[PDB]
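J.: Got a structure for you, questions after.
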């Protein structure tokens, strides 16, 4: 089955662009990454950084996750991200999203050996 680490890459990483380039970014990416196959995922964030820089967050500032777990880490630097949020016209299978650009610190949960991101917790 797909590993948690691979699922994080598929759901959250987009090293191929520096920022969202149009209002359609989320619509296209949510579909292409298979995030709308079974239902419209309501929210998602994409990170426009190298994979190595995001993996490195697991060695940065340890913080509590939103749900209280203690395997979360906050990046020391801000990163280029895109927030995708379902719009009012979204209706499966025609899932529709608003694209918002941001530059924020990321918080991820890490697991494993090698110890890598498996969950995107928040941006701050």
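We're sticking with Swiss-Prot numbering for chain A, so the shown stretch reads 27-150, in order.
Quick check of the header: X-ray crystallography, 1.1 Å.
Using N, Cα and C of the backbone, Cβ positions are placed for all residues, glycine too.
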J.: From 33, 57, 87, 130, name the one Swiss-Prot lists as glycation site.
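T.: Matching 33, 57, 87, 130 against Swiss-Prot annotations yields 33.
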J.: In the structure shown, which of the recorded positions 60, 71 has the fewest other Cβ atoms within 10 Å?
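T.: Among the recorded positions 60, 71, the sparsest Cβ neighbourhood within 10 Å belongs to 60.
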J.: Using C-alpha positions only, work out which of the recorded positions 27, 63, 71 is nearest to residue 110 (disulfide bond).
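T.: Considering only the listed recorded positions, the nearest one is 71.
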J.: For residue 84 (disulfide bond), just count the other CB atoms lying within 10 A of its CB, please.
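T.: Excluding its own Cβ, the number within 10 Å is 20.
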J.: Quick check: of the recorded positions listed here (67, 69, 111, 145), which one has the Cα closest to that of residue 33 (glycation site)?
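T.: Result for residue 33 (glycation site): the nearest of the recorded positions is 145.
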J.: So the record assigns 33, 36, 67, 68, 69, 70, 71, 92, 111 to substrate. If I measure every Cα pair among those residues, what is the longest distance in angstrom, as a whole number?
T.: 22
